[PDB]
Structures are given as structure tokens and as C-alpha cells.
Amino acid sequence: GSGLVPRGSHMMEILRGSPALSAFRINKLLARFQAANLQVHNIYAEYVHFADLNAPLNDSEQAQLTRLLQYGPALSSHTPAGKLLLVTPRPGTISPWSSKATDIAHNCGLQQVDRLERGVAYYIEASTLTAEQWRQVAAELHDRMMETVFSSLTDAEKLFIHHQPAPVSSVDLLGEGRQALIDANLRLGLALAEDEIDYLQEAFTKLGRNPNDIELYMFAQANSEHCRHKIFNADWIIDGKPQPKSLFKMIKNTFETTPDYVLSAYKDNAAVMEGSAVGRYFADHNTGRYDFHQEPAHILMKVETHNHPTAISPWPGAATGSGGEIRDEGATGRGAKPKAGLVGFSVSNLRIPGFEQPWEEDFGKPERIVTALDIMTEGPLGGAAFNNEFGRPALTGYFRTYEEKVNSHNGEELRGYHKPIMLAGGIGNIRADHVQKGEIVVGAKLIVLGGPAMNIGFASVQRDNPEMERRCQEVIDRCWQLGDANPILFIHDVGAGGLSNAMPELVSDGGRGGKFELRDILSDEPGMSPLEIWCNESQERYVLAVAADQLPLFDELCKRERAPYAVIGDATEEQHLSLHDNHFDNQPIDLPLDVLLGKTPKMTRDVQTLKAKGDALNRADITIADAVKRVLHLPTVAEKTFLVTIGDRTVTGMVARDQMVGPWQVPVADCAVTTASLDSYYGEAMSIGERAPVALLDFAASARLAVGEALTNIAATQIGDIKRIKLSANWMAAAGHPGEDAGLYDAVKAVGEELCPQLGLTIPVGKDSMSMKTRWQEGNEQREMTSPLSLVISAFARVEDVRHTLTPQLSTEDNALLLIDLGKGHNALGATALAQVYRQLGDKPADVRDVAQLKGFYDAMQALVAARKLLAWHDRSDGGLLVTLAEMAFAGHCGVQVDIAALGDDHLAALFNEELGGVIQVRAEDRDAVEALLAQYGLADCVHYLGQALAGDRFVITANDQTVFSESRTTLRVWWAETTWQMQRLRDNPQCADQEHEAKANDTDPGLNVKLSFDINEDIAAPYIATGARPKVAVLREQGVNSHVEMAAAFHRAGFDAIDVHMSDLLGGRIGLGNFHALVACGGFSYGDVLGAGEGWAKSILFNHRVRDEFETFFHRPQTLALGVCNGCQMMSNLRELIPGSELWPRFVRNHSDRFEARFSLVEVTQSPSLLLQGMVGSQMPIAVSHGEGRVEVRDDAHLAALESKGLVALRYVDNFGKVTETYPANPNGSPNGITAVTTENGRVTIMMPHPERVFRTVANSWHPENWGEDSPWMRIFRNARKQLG
Ligand SMILES: Nc1ncnc2c1ncn2[C@@H]1O[C@H](COP(=O)(O)OP(=O)(O)O)[C@@H](O)[C@H]1O
Ligand SMILES: [Cl-]
Ligand SMILES: [Cl-]
Ligand SMILES: [Cl-]
Ligand SMILES: [Mg+2]
Ligand SMILES: [Mg+2]
Ligand SMILES: [Mg+2]
């Protein structure tokens, strides 16, 4: 029986949940305790749930609540023993878990539930221990930045305290003079300049009234160098000479020179370029049916960083970095649709315990920040949690480690990334007449779309709820999908400054003022002051203007999606900002907009050039063999799987090229490619170029190389005209650090005024983060860790044919490998991975050697791509030619025999320079034609025949008759894997990490391979489609689901009319299942998987008796068909009681890896009654997997044997040898007997974890046999459905 006690005006129920930690996590905790000399005999942990009730539950409601709070894997339950430590969110905070779980309760009719929260009760047996050591135990069990530890369950009442609203406070300028502003500036941490203090003093003396804190806070944000970009708008004097252009004007030079294809630059959040005219697939507002709409899909692009918050709390830092950038995309124009993401990290040395590398030295860090290791453990998980749960695939990225004492521009000092680069970006699509924002009508309603606010903007500890952002995106999508009737007049993301930035910017951009009502804004924290409500940086919010007459439409759209919103003001003709408070009947803000948005003078930066003298590499301890080993262990170079498979790469159904390449799924793809629509071969490409360490020797060369590498990474994609490629430039520097300012100017000039104009590359978007350094006291000594100037270039392009992309996967057919050395034999070793791993900086770095030749290289690559003359491509970058060739051999699972005698006598420099260029593989018969073709672009003396790819395990580098380097390719491949192995091992289930790593050492692995039991080109649905009779399918979705459009598209290809059926449609009677003969429950993250993946969705059905009866009725009809995929499989497994023949079905629980798995996994189709798998039994082919809770769990061995004997298993993971497996990641989730689909006795209902709808197009299979046509094997599931309905 659960606890129930008074809690102010309410009652608080305390419910016991389930064991919270798996055995390996328990063992990890005990080992941490042993290692810190805390003698802990045992530890057990249990979730506990807290429900704050505004009215009582009856017996039935109580049983409902209890059932809602049963979820999770069925771990070993124990009777509590020893000391209780309860870990909860900090008082004053509300977990994302709380927001989601409380929505579930409400959708199951539990309106009495005011709020649910969760904690973890730890039961620690350690009968020794002093209270000092108890605080040390407690420290180990919580995150000090977001959680607190309590000694009683009943202390959870403090989480639900309701504080009375705090009033506005004035700053008494009139009563104290300027000192009041000075006091306020220090108290509120506004960081105002003297001349800003002067401006505010005058403005308010002029008005004759004291400013409120809220008005000062608002002004401080809107004027900080960041929001105002003072450095990038500054006048410069350098070495005594005035400069004619600001940094911004130099970036704009690129648009002045190359306007081509650009639709929007510097006037929104995202830049927009031309895309392709394609069939855009979405559900019509009138019919609810999914239809193709032939129109241009233009391409938006944006890249942002979130550096300081990630240094403090990396998980939410990364997660909200992604969340904010996703909102910028969605709020482009009058609404747009994010499509795919990219991710970047730069951090200091990892210093992985037990795997220290020889270049690494502990220099200490500030106590207030986390280590590089914690950033790379938790940060990628945060960014991926946002991308996965929002539903955008993350398809390209970079990850660099740098921390060294070097003799740079300011002499000998510590250079690194204690404050990291945390970068998030992406592309999206946007309609032609939404690229422009409108012109705000007077009396327009001004709306906040999204989450109830809390006091968030401890103040750098963010909080993310991606499911809220998904619900808002669905609204925005409905809006732009109305074309000319889109009701969004203007929209803007809410980010830095909260509403205090966003709403003034919304009305300003529309030439208007606003008047606002504070008490209309949705709030989860009644205590907040007007300052906190107006200025907090609570996440997942947008602001928009809608005409009064469209408000009923907007309301309907929001309610169907379950996206909260509030009309909070009206647009005024008068250009005044008014905020009123109905509670305190006063006016926290009453200001003309010109007063608020008032510029002090522009900055002048008067600076001088510092320039390091290089020092030639000391080679005394370097051999080629040792160097190969060290370089492959540099995380920058090394295999990146830990950053890739944690993130979904198939959501949308438009991913053509992800990071993982070939049958061996090696993450070496140089760029990302998406299709433009679900029915096109046109597309979009993304690449990244960065080379920060070079800036320690040469600022301008580091920038030129960033541009160059973005181009070399994208070059083997079919684009055509170089002017199609558009760049984002993100500039990270320690402004004011000696030499960095002049270097910044010179780098911006090097790209903006020189290289990009000459190549024809526009930079229509960009950002800057200008305090990339960290200071702290280490001994009695001041310490400082300062970043190199760090330009990250992201390149975006329209793609002419996604099928023609090349990867690094070498063929072993008769071939030639040719190096294109754009370094022209300079072979520079300064600031290379080679230099870094021997703790040096070296002498001269690479650089763009010849602009015409770089353009020539691009053009020549485009010609070879279009003529189908390349077998493979991989560019040269970190780790040089050696790494390029090794990675190609990894991807090809083969050997190379190369000769480097033509590349100079210095073999080390030939192999390890990081000059621009790369290796092309061509058919041996095409070698002379390819060489002549390259010669036509001026490249002859840069092109060198190296040798060939050969079947086998030999990686061999010769120079004439001398062996320069020779090793097992497998050995090198395993060395290169060691960093990801060790990361996975400390972050995930070490048993899984080890299994994955060990499989890499088996050269006999034949890679993904197929066996087909049917003809995959035979359209068995074609006779039905040809009659023109198209049966409906209910494509079912719930709040937070994300993969509903591609599911519809698969069914549509098989001849169905796909209907968009939200659970809100079933609940409002707008749709009835009695009108359908087929249903599908789609994937994604309903309710964010809170209360167990699929459970909230299922239980919202089961606890609403009418909708429940409707499902049951559907499933009991004699000819109805249903499919559940991923989240829908989870949902339907929780709905067993309504589905006949489902008694032996398992549950689907947390993966054994304890990690989200985004894999392209090999399965076989097994013999079952499943009607959707007819004709496919015995087939083996890969399929998209994307889930965290896919592990089949049975109630005991009896139930496993019964399920098996009944013959209801329909798909099983196999290894690449074709055998059923439980070894990871071949089986990605630990399901017994590889089980990942089941059917009912009648075969009419089938549920599966993988996503056949994501891979029905051959072009969307990460790897596939060359001879396939447009249809993959998985198309047959949807065709089988059509045919069965007859
Ligand atoms: N932070 C990351 N998140 C996702 N993928 C990443 C990340 N860092 C690198 N990758 C991917 O891993 C592969 C190897 O990356 P890297 O060796 O840095 O690329 P390159 O040397 O071609 O620039 C690429 O496909 C790249 O997109
Ligand atoms: Cl027990
Ligand atoms: Cl095959
Ligand atoms: Cl009802
Ligand atoms: Mg690389
Ligand atoms: Mg590359
Ligand atoms: Mg790179």
C-alpha cells in the first residue's frame, strides 16, 4: 500500500517502484567505493515515485496510478537494508521525467494528479563509516548540479512547495544616484560597461522613474557582446593601420561576390538556398490523408554552439545546444522542417583510466568545470538524446582532443579545450513562400508556443524536453503545410534572454510594438518574479504572431498535437513595449523600443600581430612504426563509433549516406547525404572542415584548411557547380588573449575576402564564441588553458543524384589507387596529429597551396563522379595519407600495396602530412583516362599512382625496393578501435563493449550479406494498385511519435491511402477504427518513453474505455491487419489484453548494452504465421534499428520455450556468418534467441522492433548489394499487406 500524507493544500502519495540499476552498474558503484576506501558491503537502489494530488483517488484510479508506475526491466527486487539515501532533483526544479509522466497521468484521466516526480532510493550497507565518509558516499550517488540527497522519503514534500509570486523590485536611481545602477549591476550580474551604465542612467533620468530589475536585465542581454556581436561589428586597427572592413563585412563579401542560389542570408536564423522540385509527402488538413505535393523543397542550414554550459553540465549543455539549433531551423521564415543534424566536440586530453597515452599530461583544471572525459561521456549522450527523441538523424560530425604546452604566438603556454566546443547544426527544408516573414497586422495575437516556464536561464545547468519540441514542430508543420493559409505571420525561436529577447525581436522584425500580460504566460513556478518569468531561458519555446481571426484554427492545430500555447499579448502600431501584471496590478515594463534597443558606440579594436616561430620536429624518438601506432590512438583520428551509434541515422526515411560505410559498417564516411523527399534521388549533402591546431602556427592557414577540408570531404558527392556549396563559419576564439585578435582578423580576411570569393563559395550564415579560455589557481600559481583560434566550416549543398556518392570502401576488383596531393610536395608536418602525439607543434603547417588547383580538384572530382569513374574516395586530413589509406582498407576489409617513392625522400613527411587532397580508387582499365582527366584541370604533377587494393590482410608501404611500413590491416584496425572500445567500456555495459571490440579482430567476418527467398523486384501489389482501389491504413501516432511520415510512404507505395490518425483524433471521435481494415503503430518516442517505452501510449488506450473498446473491436474482427514497429511494437505488446493470440508475447525492455542502439543489423525471416512476411521466410538482410528498449524479456524460461514452440517468432538477429546470435552488436539489444519480431496465432498482427519502413528504398540502405533496383526486400512487407486485403 502506497504512502499518502498532507503536503500544503494537496496530499502527496509515495509509491515504490522497481530496481533502478543493473548488476554491472551496481558493480561499478561498489568498485568506485572500494577505490575511494569507503568500505561499502552492499548497495541496492529502487525508484520511488511522488504524486502531488489536488484531490483524492478512488480505488479504481489508485490502481490505475499504480499501474502507470510499473515499468522497466524486471530486475532482482530486495527487501531494503542499511542506510537510505534518496536522490531527487533539486528543490525548485522539475525534471523532464516529471513533465512527461504528468502528461501521461492526465491523458489517462487522472486530473487529480497535479505533478508526478521521481527519485532513486539507495540502500547502502556500510556499518563502519564516519559521517564525513557518508558525505563522500552521497557525493558518488548524485549530480551536484541538478540533484540533492535526502535522508527520508517524506523530504520529497520539499519538491512540491508552492511559493507566492515575488514582486517586481525597482533599482533606486532617483534616491541613490549612479551607485544604485552600480549595486544592481553587481547584484544581478549584468556585467555592464561604464558607457552602458551611462546610457541607462540618462534614459531613466530622462523618463523620471526608477528602472525595474526586469528592464535592466532585459537591456543587459540585448546589449551583451554576444547578442550584439560587438567584436564582429568592430572597427579594427592592426599594427597601426586602420582596416576598412569589420569581420562581418568581410563574411558578407562572400555573398556580394557569390549570390548564386541563395534565397536568404543574414536576415533570419537559418540561411536558405535553392533545393529541388520534388514530391513533398504530408497529411492534408482537410482529408487527413498523406499525399505527395510537387513543389520546390528549398534547403535551410544553421550551425550553433553551446560551449560554456557544456563545461558545467555536459548532458543538458549538449542536449539544449541541439534543442536551440532545432528551434532556429523550425522558426525559419514562416515555419520550416528540420531534416538532419551534425555534431562537433573539441575537448582537452581524455586521460582514460588505464589507457593513458604518451602525449597526455595532467595540467589540472578549475574545480567548477568537468573533465574532458566527462564531457565526452555525458555530452554526446545529451546531444543524441535530443536528436533521437525529437526525431532528426545525426549524420556527420567531428571530434578533436587537444591539450598541450606549446611554444605558440604568445610563447610557451597551455593550449587546449577546457572550455569545450560543443557544436550542433543541421539542414532542413522550407517552402518557397515561407522563406520571407510577413508584415505584422495591428492587433495580431502574440503567442508563446511550447513549455511552461521555470527559473532556468546553477544558472548554466540547462534542462531538455525533446518531446515538447517535437509536439511544437508538428504544429509548425501543420502551419506551413497549409501553404497560402499558413496562419503563422511571423515566428521566432526563444533562446538567450528568454521572452525578453524573443518578443521584442518578434514585434521589431514586424515593425510593431507589443503589449503583454505577464499572468497569461504559462508557468510551472508560481513563485517566479516578473524578471524570472520574462527572462528565464526555459527550453522548447517559440513566439509567433497570428491574426485574431486565425486563432480558432491555431487552437485546433495545437490541441490535436497536444502542444501547449498561450496568447500573451497583442501587436501595437505604437512602437512601445508594455508588460502588465494582473496579479500585482502594475506594469513591470513600460518603455519605448528605441530606448530599450539603444546602441552605445561601436567597438574599436586596436591590436598587433603576434606570430610564432616554428621549431622543426625533433624526430629522435619517432619511427614510422611507432608513429602509426600513436596516431591511430589519437582520439581525433581514432574510430568514432561511440559518437555515431548512440544517435539515430535513419529517422525520416531520407538518409542515403550515414557515417557507417560498407558491409563492415566502419564509421569513415566523409560527408552525409539525404534524399530531398521520400520519392526523389535529388538530395542534400553536409560536410565539416576544421583544423584548429594549425592556428597555433598560422591563423590564416588554419582557416583556409577548414574551408579546404569541407570541400575535400564533400567532393565525391554529385553536386556539379561549386557555387551550389554554401558554408557556415563558426568562429571560436579567446578574444583578447595575446595575438588572437589580429589572428582572428587575418583568418576572417583570409576566407571572406580571399579564398571563398575566388572559389565561388558563399558564407551566408555563421556564429562566433569569443571567450574560449579557462583560468584557475592550481598551486600558489595562476593557470590558464587557452584554445587555438578554432574555425569550424560546415558545407551544405544540393545533390543532383544521391545514388552516385562514393565512400572509402575499397573494391578489390582490378584497380588503381591514385593520390591527389594538393600539398604539391610541401609535406608539412607542423601542427599535425604526428606532431601532437610526440608532444610537439613543429615548424610549418599545411595550407591551401594553390587556389586554382583546389577548385580544379573539386571540378575534376565532380566530373569523375558524374561519369561513374570512381570506385572509392577518401580525403586526407588528420593523420595524413597513412590514415586515409588505413581507413579505406578498414572500410574495404582488404589490403593495400603502395609505393611512396615519388612523394619525397622524407617518408615520415610523405605519410603524415595533413596537406589537402586524398586517394581515389579507379578501375585499372580507367587509370590512363582518369590521369588525363585530372591533367586537364592542371593537376598532373600532384597526381601519383600509389598501387592497388588487394584481397587479404596486408597493409604494405614500399619505397622502391625498401619496405617502409608493413602490418596486419586487422591489427591496425583494432588499434584504431581502441579509443571507442575504452569509451564504450566505461560508459556502457563493458561486456557489450568488449564483444563489439573483439569482433573487429576476426578477419573472417564476411560483413553484412543477403540471401533472398523471393524476387525483390516483383511487385505483387501491382495488379491491385492497377484497379485504382486503394484501401485505407490508419497510421497511428501519439504525442512524441516521429517516424509517421515514412511509414505512410511505405504503405502508399504498396497501394494504400495512408491516413494520419493521432490518438487525439480517436479520443475526439474524428476517426473510428471501424472504417479501416489495416492499422500501423509507428515508431519514435511517445511521451519520451517515460514510464517505459510504449506504456503511456498503451495505457492511455486501456484507461479510456471507449478507445480501448475500439482497439479491441478492431483486433477481434476476422480480416483486420495490424503492424507495430519500434515504439508501436512496444505499445502493442502493452495492449496484449486486447489482441487475440498474443498471450505468449514478450515485453521489450532496456537494451543489455544500457545504451541507445542505432545500427544497421542483419536479420533473418523465420517461419511463423505472419501474413506480412509471406514469401520471405529464409531471407536474410540488413534492417534499420533505432532503440534503447528493444530487448525481448520473458516472464521466465517457461514462457520463452512456449513462445518458441508456438512458432510465433518472425524475425531474428543473426551474425554475419548467418547464425542466430545474442552477441553484441550483431544482436544490438541482447534479445534471447535473437528475437525481434513476433506474430499472433492467426498471423494477422505482427510486431517488430526494427524499422522496415525506413529502408524500403534501396537508396536509404546504409549498405546494400550493388545489383538491387529501387526496392529493397522490405518493400514486400507492405505489398503483402495490400495483397492480403485483396
Ligand atoms: N561528434 C561526432 N558525432 C557524430 N559523428 C561523428 C562525430 N565525429 C566524427 N563523426 C563521424 O565519424 C567519421 C570519422 O570522423 P573524422 O575522422 O573526424 O572525419 P574526417 O577525418 O573525414 O573529417 C565521419 O563519418 C564523421 O562524420
Ligand atoms: Cl531479499
Ligand atoms: Cl550480399
Ligand atoms: Cl470518453
Ligand atoms: Mg578522420
Ligand atoms: Mg574526411
Ligand atoms: Mg575532419
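Parameters and conventions
Residues numbered from 1 in each chain as written, not as in the entry; some residues may be left out. Chains lettered and ligands numbered in written order. Heavy atoms only, no water. Residues with missing side-chain atoms left out of burial classes, pairs and counts. 1 Å grid on protein atoms, 1.4 Å probe; cavity = no way out; pocket = protein on both sides within 12 Å on 5 of 7 lines; lining within 4 Å. Points joined across faces, edges and corners; volume = space filled by probe spheres on them. Nonpolar A, V, L, I, M, F, W, Y, C, P; charged D, E, K, R; others polar. Helix = DSSP H or I, 4+ residues; strand = E, 2+ residues; numbered from the N terminus. Domains from an automatic or database assignment. Pairing = 2+ DSSP bridges. Axes fitted to C-alpha atoms, helices over the stretch in contact; angles between N-to-C directions. Core = buried A, V, L, I, M, F, W, Y, C linked by side-chain atoms within 4.5 Å. Buried < 20%, exposed > 50% of the residue type's maximum accessible area, 1.4 Å probe, protein only. Contact = heavy atoms within 4.5 Å.

If you check the header, you'll see the entry was determined by X-ray crystallography and the resolution is listed as 2.10 Å.

Participant: It is not clear to me how empty space enclosed by the protein should be interpreted in this structure. Could you clarify?
Facilitator: Unfilled space is identified by rolling a water-sized probe across the atoms. The space that makes up the largest cavity amounts to roughly 820 Å³. In terms of lining residues, the largest cavity is bounded by 46 residues, among which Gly397, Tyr398, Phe399, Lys640 and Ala669 are the most central. Looking at the lining of the largest cavity residue by residue, the classes come out as 23 nonpolar, 15 polar and eight charged. Reported here for the second largest cavity is a volume of approximately 360 Å³. Along the wall of the second largest cavity there are 26 residues; nearest its centre are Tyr281, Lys337, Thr652, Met654 and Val1045. Secondary-structure elements contributing two or more residues to the lining of the second largest cavity are β10 (271-283), β12 (337-347), α14 (466-480) and α31 (1044-1053). Its residues assigned to classes, the lining of the second largest cavity shows 10 nonpolar, eight polar and eight charged.

Participant: How should the layout of surface pockets be read in this particular structure?
Facilitator: If you add up the space inside the second largest pocket, you get close to 1,100 Å³. In terms of residue class, the lining of the second largest pocket is made up of 15 nonpolar, 14 polar and seven charged. Taken domain by domain, the lining of the second largest pocket gets at least three of its residues from each of domain 3 (337-424 + 611-978) and domain 5 (1022-1285).

Participant: Quick question: what am I supposed to make of the sheet that holds β12 here?
Facilitator: In a beta sheet, neighbouring strands pair by backbone hydrogen bonds and run either parallel or antiparallel. If you trace the six strands from one edge of the open sheet to the other, you get β9-β10-β11-β16-β12-β13, paired in mixed fashion. Of all the strands in the sheet, the pair left with one neighbour each is β9 (262-264) and β13 (394-401). Ignoring which end each strand starts from, the neighbouring axes of this sheet average 35° apart. Across seven bridges, the pairing between β12 and β13 is parallel. By the bridge assignment for β13, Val343 is matched with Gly397.

Participant: For this particular structure, what's the right way to read the nonpolar core?
Facilitator: Counting 131 residues, the largest nonpolar core has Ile124, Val137, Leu141, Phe1111, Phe1115, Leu1135 and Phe1278 as its most contacted members. A per-element tally of this core places α31 first, with six residues. Looking at this core, you find at least three residues from each of domain 1 (3-160) and domain 5 (1022-1285). Sequence-distant contacts of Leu141, that is, excluding residues within four places in its chain, are made with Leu29, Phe33, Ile43, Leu85, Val87, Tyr122, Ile124 and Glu147. Counting 107 residues, the second largest nonpolar core, distinct from the first, contains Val655, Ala695, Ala742 and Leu759.

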